[PDB]
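The block underneath contains the structure these notes are about, expressed in structure tokens.
Each value in this text was obtained by applying a stated rule to the coordinates, not by laboratory testing. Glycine also receives a Cβ, built like all others from the backbone with ideal geometry; neighbour counts cover every protein chain displayed.
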Amino acid sequence: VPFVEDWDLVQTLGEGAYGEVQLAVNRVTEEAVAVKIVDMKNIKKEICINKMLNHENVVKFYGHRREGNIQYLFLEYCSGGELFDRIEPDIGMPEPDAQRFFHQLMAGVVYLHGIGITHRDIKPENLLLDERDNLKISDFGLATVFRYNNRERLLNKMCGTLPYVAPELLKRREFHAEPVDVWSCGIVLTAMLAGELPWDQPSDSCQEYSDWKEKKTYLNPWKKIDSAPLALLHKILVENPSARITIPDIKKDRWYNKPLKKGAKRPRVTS
Ligand SMILES: O=C(O)c1ccc(-c2cncc(-c3cccc(O)c3)n2)cc1
């Protein structure tokens, strides 16, 4: 087939630090993909990690091509955009939507952790939605290996996004990777259910974080959250990463297992 390798770049999906992500459509097949364009004038590790990833709740990597000093990563196109834009400021979203998105997030994060990868920057801006509203973890630019040859490596680089970062990343020289991603998921869950972030950062100097540790859940955002998901958040947003709930135990949580959402509305008729 002549021309199958030609993609037209038709729309900008986002500017970034690295550069820019474009929606690309195949000239022949009309298959759409996202093309991440990074001006090298870091990326080898992102590509390398991306080559490892194969999961329905993680953005698929198709390959890459370099043309001089410009790298082109070919990635799954997610037409639903960012989860961020499904969160209504000060409101959140319907609890059954949040639960479903949270289920899919855990699935992605379990997968990543199982192959020894930590994302390190989980937040609604990086969680994308496909045409069926399936959640996809995107952007492995900050990601790293925390397990190799069945041997865990402790992290020491501070990175991520302050409102989503776990307190230990600010307090300790070294920390385990997995509890940090769990914490960020908890912040994402809070945002989905309240449409606001609980604190600027999880530090002793942040009054809102102090209020949470003092269990003042009569305040916002917590007063907006039903008691069942709030009981889960109490187990996730635990300052001590060694006492913080793990994902296997999240999967056992009462709200996590609460029937809330009917299946995707399929067509039907009556007589
Ligand atoms: O690896 C990355 O950094 C990356 C991977 C995929 C995308 C991607 C893939 N599909 C859609 C969108 C996107 C992002 C924001 C808004 C929007 O309408 C679409 N973004 C972006 C970055």
- Task: Would you work out which of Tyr18, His55, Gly68 lies farthest towards the positive end of the dipole of the range 1-88? Charges go on Cβ: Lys and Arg +1, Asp and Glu -1.
- Result: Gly68
- Query: Points 7 angstrom from Cα along the Cβ direction at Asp130 and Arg173: gap in nanometres?
  - Reply: 4.5
- Message: One quarter of the convex hull surface, Cα atoms only: what value does that give for the range 1-88 in nm²?
- Response: 7.2
- Taking the Cβ of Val10 as the centre, find all other residues whose Cβ is under 14 Å away and add up their charges (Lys, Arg: +1; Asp, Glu: -1). -4
- Message: Give me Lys213, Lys36 sorted ascending by neighbouring Cβ count inside 10 Å, so fewest comes first.
- Response: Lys213, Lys36
- Message: Tell me whether the range 28-161 comes out rounded, prolate or oblate; compute the Cα gyration tensor, take square roots of the eigenvalues as a ≥ b ≥ c, and use a/c under 1.5 as the rounded threshold.
- Response: oblate
- Calculated FRET efficiency, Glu214 and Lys258, Cβ-Cβ r, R0 30 Å, to nearest 0.05? 0.65
- Message: At 222 nm, what value in deg cm²/dmol follows for the chain if DSSP H runs of at least 4 each add -39500 (n - 2.57) and the sum is divided by all its residues, to the nearest 500?
- Response: -8000 deg cm²/dmol
- Note on the structure: Of the residues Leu154, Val35, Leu142, the Cα lying farthest along the dipole of the chain towards its positive end, which is defined by charges on the beta carbon of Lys, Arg, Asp and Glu, belongs to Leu154
- Which three lengths, in whole Å and largest first, does the chain cover when its Cα atoms are put on their principal axes? 66, 65, 34
- Task: Within 10 Å of each residue's Cβ, count the other Cβ atoms and sort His55, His64 from fewest upward.
- Result: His55, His64
- Query: How do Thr270, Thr144, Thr246 line up, fewest other C-beta atoms within 10 Å first?
  - Reply: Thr270, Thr246, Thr144
- Query: Any idea what the dipole of the chain comes to, in debye rounded to 20, about its Cα centre with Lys/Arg Cβ at +1 and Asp/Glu Cβ at -1?
  - Reply: 1080
